[PDB]
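Beneath this line is the structure, given in structure tokens, with notes to follow.
Whatever order the structure lists them in is the order used to number ligands and atoms, beginning at 1. All heavy atoms count here, side chains included; hydrogens, waters and symmetry mates do not. So you know, we letter chains A, B, ... as the sequences are listed, proteins then strands, and number each from 1.
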Amino acid sequence: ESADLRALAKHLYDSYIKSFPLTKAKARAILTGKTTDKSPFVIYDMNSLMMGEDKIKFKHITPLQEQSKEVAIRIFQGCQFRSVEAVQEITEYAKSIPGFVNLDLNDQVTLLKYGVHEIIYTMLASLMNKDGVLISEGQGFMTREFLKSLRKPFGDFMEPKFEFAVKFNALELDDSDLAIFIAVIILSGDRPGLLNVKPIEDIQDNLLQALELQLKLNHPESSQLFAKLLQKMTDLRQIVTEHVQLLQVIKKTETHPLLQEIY
Amino acid sequence: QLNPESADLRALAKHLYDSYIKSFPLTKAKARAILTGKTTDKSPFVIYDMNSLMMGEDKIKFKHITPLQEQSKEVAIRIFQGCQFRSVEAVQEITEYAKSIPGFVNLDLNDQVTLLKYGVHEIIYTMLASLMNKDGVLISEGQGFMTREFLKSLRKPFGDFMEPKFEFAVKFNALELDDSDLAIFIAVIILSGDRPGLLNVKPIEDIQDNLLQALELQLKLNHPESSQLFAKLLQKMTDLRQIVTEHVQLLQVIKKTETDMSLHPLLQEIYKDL
Ligand SMILES: *C(/C=C\C/C=C\C/C=C\CCCC(=O)O)=C\C(=O)CCCCC
Ligand SMILES: *C(/C=C\C/C=C\C/C=C\CCCC(=O)O)=C\C(=O)CCCCC
């Protein structure tokens, strides 16, 4: 079956690329410099952001003129809108995972409900380095020091991620690897309220086998990578529950009803 | 078949399984024999209520596991006090165990302490699974058995300390692990590398890297028909962190509701900044 574990890896990879525009391969090229030629607009401070508004014109999120006056908030609000796009990108990838659409409908919903955050932060790592994060289709780059530079909880929000991203990218995984890995996270059998755990585990098991092989063939060198990677799943839960803490803590900062409802 | 390389990992597994038995009086194998009734001499006194509770000291010898205290208006607290001191003991044991882990004492003195600082709880709840079943847990070295229900009816705060534990025991006990698997597993947990403060990480990782190898071989060798038990086992680590944290949160409250309740210094030197 070690040609069945290599077919499923490929399919996932091929789907991973068909559902996600900005890839680890890409994002990584940008960040550094390596043959690209069109540098990103660096948001490093106030005039940077405001100029970034009509440059990368990330006025997809920025509009809804009932803001503009509250930097820290228009930024976090930005992540909101962005994360929502990702979620649709994730759902689509989900349906690519063999067996996923065959499960009970409620379970797919539940699996996705409890997995997006973990999947968002994992990929968010591909788009950041020790000094900053890539924004809007990788057009820009929002420095890291500028994010702490935000007042209330708005400067503790991203910093945790940075610490995670650092440990995560240290694994030096690529898109081939992350595709399968993302699949594993989704097929989590301990999501509360599931209905039929057996099918899901059977799938995650097939995924775990595929992910192990992927790691061996792709990183003969790196020992027990498989293990080190599964362990990071712990860091995601924490990063997440924690992130979801501020979401509450930060309900004390005056912040259309349609839009709220869209989130 | 068996090769040079793999042979090194077998000696390692056997070395640790051997240190583990020598550091823990109540192995899982014994706990199970006690629990699954395969005995007429290993039967524990069951506690599911105050009367049973009262009878308890009147059977399951209690040299005051809940030291210095003829009593205390609350059983819930008297229990808590026992539970506390017991943990104090498990730390001591886990500690004797650690020292025997190849390379562990050869590390920076401070790191050794940070590994233990965080490793203790995670390890304590793993071992605590061994003493449980959906219905309760063993106490006093297997001599007694306190039901899940009793514990769950204790009182406002305290009636919330064990549930999360039973929660994990049921799922974890499902992997069907035995003492020899747990010894290597308990060893991996200690040799993390991402513990808050670890001055020198790398060396800690070369050790773990190896323990994982032992665990991987051990598991396959001991569960041939158990698909990805290795990975399924590693994921359970994420379950442990939550238990731990859920616990700390828990203590904190107690520290205000009951200003008369004391905590072991050692136990506090763990929690302080967790
Ligand atoms: C946003 C905060 C958390 C993560 C939310 C969304 C990230 C979404 C997708 C990751 C990339 C997936 C891919 O490459 O396809 C942090 C920010 O990025 C800052 C938002 C700034 C917007 C103005
Ligand atoms: C402690 C959980 C239960 C303790 C129950 C009753 C305590 C009363 C007497 C104990 C007798 C001594 C003995 O049990 O040997 C849960 C924890 O917080 C972690 C403890 C882990 C135990 C290994």
Would you say B:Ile65 contacts ligand 2, with heavy atoms under 4.0 Å as the rule?
yes

Heavy atom of B:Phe62 under 4.0 Å from ligand 2?
yes

List ligand 2 atoms under 4.0 Å from [X], heavy atoms only on the residue side.
{"X": "B:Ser87", "result": "17 (C), 18 (O), 19 (C), 20 (C)"}
{"X": "B:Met162", "result": "1 (C), 2 (C), 3 (C), 16 (C)"}
{"X": "B:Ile124", "result": "19 (C), 21 (C)"}
{"X": "B:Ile79", "result": "6 (C), 7 (C)"}
{"X": "B:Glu141", "result": "15 (O)"}
{"X": "B:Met146", "result": "6 (C)"}

So which bit of A:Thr62 gets within less than 4.0 Å of ligand 1, heavy atoms only: side chain, backbone, both or neither?
neither

Identity and separation of the nearest protein heavy atom to [atom]:
{"atom": "atom 14 (O) of ligand 1", "value": "A:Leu22 O, 2.7 Å"}
{"atom": "atom 11 (C) of ligand 2", "value": "B:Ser140 N, 3.4 Å"}
{"atom": "atom 19 (C) of ligand 1", "value": "A:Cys79 SG, 3.3 Å"}
{"atom": "atom 21 (C) of ligand 1", "value": "A:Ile135 CG2, 3.9 Å"}

Test of proximity, B:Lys165 against ligand 2: N or O pairs below 3.5 Å:
no

Atom 9 (C) of ligand 1: which of A:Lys26, A:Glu53, A:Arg82 has the nearest heavy atom?
A:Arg82

Check for a donor-acceptor pair, side chain of [X] on one end and backbone N or O of [Y] on the other, with a separation under 3.5 Å.
{"X": "A:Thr253", "Y": "A:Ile250", "value": "no"}
{"X": "B:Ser192", "Y": "B:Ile189", "value": "yes"}
{"X": "A:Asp177", "Y": "A:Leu173", "value": "no"}
{"X": "A:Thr255", "Y": "A:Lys251", "value": "no"}

Sub-6.0 Å ring centroid separation between B:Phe85 and B:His264
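No; B:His264 has its ring centre 6.0 Å or more from that of B:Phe85.
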
Which bit of B:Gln84 gets closer than 4.0 Å to ligand 2, counting heavy atoms only: side chain, backbone, both or neither?
neither

